[PDB]
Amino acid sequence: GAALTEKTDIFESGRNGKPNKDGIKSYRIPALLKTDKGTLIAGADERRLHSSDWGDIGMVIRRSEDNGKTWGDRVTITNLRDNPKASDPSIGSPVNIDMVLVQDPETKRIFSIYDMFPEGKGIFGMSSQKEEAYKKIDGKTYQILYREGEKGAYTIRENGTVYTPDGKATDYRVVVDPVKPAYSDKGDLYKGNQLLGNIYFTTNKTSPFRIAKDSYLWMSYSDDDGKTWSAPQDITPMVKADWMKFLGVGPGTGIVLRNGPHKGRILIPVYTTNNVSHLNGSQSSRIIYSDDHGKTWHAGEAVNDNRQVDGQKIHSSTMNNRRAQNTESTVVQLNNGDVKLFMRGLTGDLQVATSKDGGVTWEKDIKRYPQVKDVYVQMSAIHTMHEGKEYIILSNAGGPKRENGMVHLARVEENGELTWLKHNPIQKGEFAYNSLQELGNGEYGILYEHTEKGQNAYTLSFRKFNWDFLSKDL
């Protein structure tokens, strides 16, 4: 008997453009993680001012200890404070946006990796010119601070003390070890004991310093099953190349390889843009990984690196080809050791890349599956076993637009090839980003974006379904 539970709203948006009960207009970008303890962690972007990809956005989660039946109160991981002097509040806050959750099965540490931008319009407000964000000194890497009127780079060193371009300590200090709830004090700039401003503010500044205007990657972790989180760690310098303009995560839930030469490796989907074509023709998927339980991260190569496009080779750092782009993605490892990267794209159908070396490089054959439509929106996919057989469950909008949620089932053969077996609707009406997780006992859960009755984009809801829903027809 087919079984699909009624939708349960986890993060409720307001309606008709009004704020919700907590004064928040929108929630977006779901992430669902089933931890070792059986806990379900639902993550999301808490977009207070509007539904756009910038503004005042906090990284939040809710925990369920009864497999999705009930949920605890919201837990904020990170939420930077707004620039109280910005002329336009809608774009007047440093930004955190798009999160990826994953747990190390050995250490049990839970990671939340997400984007960070200083005050502005996020990916839509990036400068045409690069600004160095870090400087190496005496074998040490320090984040840079810029002061109007001076060309030299100041640096943030031990204890947050600001040093002049010439290497002399100043009386300015940055809060590099935040202590306020949500770490809303991170980046605060002090002169002596007086708070002057914040290094993440870019307009109407009250302090002399700001970090480089660029795209960053931050990470927070929890060792207590999601109840409390560490202060944000800037992992950007570990993975961002000097040519990269944007570098952000493909939101959802990452994975840890289960088998092969790279078992234990944590994979985080991400994508970049270059300075040649940025968002018009350079969005390129890839993953970043960690082989030491999240201590250090490394960038793999882009699916587009040395890819053959129309008898011509391209590279993610120099490409300018709209149709060859691949953006947000979801990653899965097969029992044969191969890694599959399902990438959001502009071909109208499902695009999948394959890596034979734990996600570092990608094979030449980018497969397209007409069986699974892609309206250019995020998707999620997970590996699963059923009666000794290997499968992959993938969910995304069925179209025409971002609507009619579908859960696709594919059989995985020993060569890693896919055969799509079923396509079952799961949510009528508006449907966008989603995140799947296997719950066990033949059941699965999904946290997704949907709206109805005038709700603001989006309300994130949860549903559970079993194998009877996947295989049998409704």
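For every residue, the number given is its place in the sequence shown, counted from 1.
Worksheet item: In the PDB record, does 63 to 71 or 403 to 411 carry the higher mean Cα temperature factor?
Response: Between 63 to 71 and 403 to 411, it is 63 to 71.
Worksheet item: Looking only at CA atoms, which has the higher mean B factor in the entry: 23 to 31 or 441 to 449?
Response: The stretch with the larger average C-alpha B-factor is 441 to 449.
Item to complete: Tell me which of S87, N83, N275, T354 tops the list for C-alpha B factor in the record.
Response: Checking the PDB record, the top C-alpha B-factor among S87, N83, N275, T354 is at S87.
Worksheet item: Looking at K205, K227, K151, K121, which has the biggest Cα B factor in the entry?
Response: Spelled out: the listed residue with the top C-alpha B-factor is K151.
Item to complete: Using the B-factor values recorded in the entry, state whether the Cα atom of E417 falls in the lowest, middle or highest third among the modelled residues of its chain.
Response: Within its chain, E417 is a highest-third residue by C-alpha B-factor, going by the deposited values.
Discussion item. Per the entry's values, where does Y190 land by CA temperature factor relative to the rest of its chain, in the lowest, middle or highest third?
Written reply: For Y190, the deposited C-alpha B-factor lands in the middle third.
Worksheet item: Lowest, middle or highest third of the chain for the C-alpha temperature factor of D36?
Response: As the PDB entry reports it, the C-alpha B-factor of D36 lands in the highest third of its chain.
Worksheet item: Taking the entry's C-alpha B-factors for this chain, is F462 in the lowest, middle or highest third?
Response: For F462, the deposited C-alpha B-factor lands in the middle third.
Fill in: CA B-factor ranking of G167, expressed as a third of its chain
Highest third.
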